[PDB]
Structures are given as C-alpha cells and as structure tokens.
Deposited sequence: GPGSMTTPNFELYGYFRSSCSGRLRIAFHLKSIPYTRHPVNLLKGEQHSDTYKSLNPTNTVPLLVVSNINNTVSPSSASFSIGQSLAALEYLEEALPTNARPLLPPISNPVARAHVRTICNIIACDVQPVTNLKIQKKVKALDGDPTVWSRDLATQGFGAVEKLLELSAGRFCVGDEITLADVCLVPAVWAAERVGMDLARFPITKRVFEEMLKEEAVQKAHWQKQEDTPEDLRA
C-alpha cells in the first residue's frame, strides 16, 4: 500500500472546532497544509486528497466539514499511525465513554455558545456572554461527572484520547466567556496536563500564523 492522503485544513486560530484538529494532527504527527480563513462558509474544513473518494469517484479531493467526523476519519483512514486517539475497538465501553464526553462538548456546549448563536441571542435582546457562560458551565458539570468515572492522568485512563482533544479547545472557548474552570477540578487537572504537551502547544490558539499580535503568546 502506497496510499498517502494529503491533508489541508481551512481553519481559524480562535475556532474551537479548528483547534480540535490542530491538536489531533500534532498528537498523531500528521503533516497538513494550513489555510487560515479569517472569520471577521464552513470552518473548519478538512480537505483530503490523494485518496479513493468512494462517494465522488471522479473527484480528486474529499471534504469533511464536521470536526468530529474529521477526527474519526483520522482514526480510521490511518490504522498504522503510532498514536490511536481512541481505546481499541475490542473495548466498546471505554470508546462509548470517550465519545460521550466529546458529544457533551460538541453537541451540548459548542453549538449553543458559538458566534452564530451569540448573535441570534443578541437579536432577542439577551446577553450572549451570560447565555454562553451558563451553558458552558452546565456542560462542564456533565463532563466533570463523567471524568469522576474515567479520568486517570487524562480524561479516560492514562492515555490521550479524542475526549482530551475536544476538552482543550472548549476550555479556551469557555474561559473567554468568564467560566470558572476551578469549579471543575478533574477537568482543570486534565486541561493542565494536556498543556504540558508539545503537540498542544503547537496547536495553541495564541501560537498560530493567523494569531493577531495583540493575542500572541
């Protein structure tokens, strides 16, 4: 097998969904072409080429506009990669726990606290910051109860999984609306352990090419 997928990521330094993929690519040492897209229509968007597109066979590339599907694609399309981000298939219970945590974040927090929805909330004369902070706080409470069951060094045991990959950019996004991370001690410990990772530092929202100077670290 001589199959070598080519990856290009249309992303944004501050997008929490783009940050999942940045983290996942660095942890797995998978080279990608970064195409920054300044949001101030889908971001992120991962374009995979040099593959068999079994959906659109005459097409050179295959697009994935949803970060969770893009993450699972990385797990499935690269079976020889030295770092799986899921427990193995023979452990469906641990995989379900990992996916539960990803879904609380990807389904219960991110979609109700993004720019699009904050704007809809301001259109109803609400306070988008308060709306987002209360929803993030509630979602992190559910994350924390699941981490009480599974966390070791990381969200699920002592290895990094997709759960930690989702957790990190969601902490960045939650802190921006003033959520107090200290309310969720296992989440906080796992977050900090993840920031010790060089791959997480390379994926950092303050450390990308399109990070504005005011925001750089």
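By the record, the deposited chain contains unmodelled runs at 1 to 3, 44 to 58, with no C-alpha atoms placed there.
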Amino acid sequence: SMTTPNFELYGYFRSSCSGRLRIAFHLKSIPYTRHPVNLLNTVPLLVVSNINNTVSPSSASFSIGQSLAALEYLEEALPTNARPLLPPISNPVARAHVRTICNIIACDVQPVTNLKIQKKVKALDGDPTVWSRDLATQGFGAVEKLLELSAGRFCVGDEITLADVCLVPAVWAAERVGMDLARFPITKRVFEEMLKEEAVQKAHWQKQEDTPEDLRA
From here on, numbers count along this sequence of modelled residues.
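With 43 to 51 and 62 to 70 compared on mean CA B-factor from the PDB entry, the stretch scoring higher is 43 to 51. Averaged over their C-alpha atoms, the temperature factors of 130 to 138 and 143 to 151 are higher for 143 to 151. The maximum CA B-factor among the listed residues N91, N81, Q118, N103, taken from the PDB record, is found at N81. Split the chain's modelled residues into thirds by C-alpha temperature factor. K207 is in the highest one. Ranked by Cα temperature factor within the chain, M179 sits in the middle third according to the deposited record. Ranked by C-alpha B-factor against the other modelled residues of its chain, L27 falls in the middle third. Per the PDB record, residue ranking by Cα B-factor puts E192 in the middle third of the chain.
In this PDB entry, the Cα temperature factor of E159 sits in the middle third of its chain's modelled residues.
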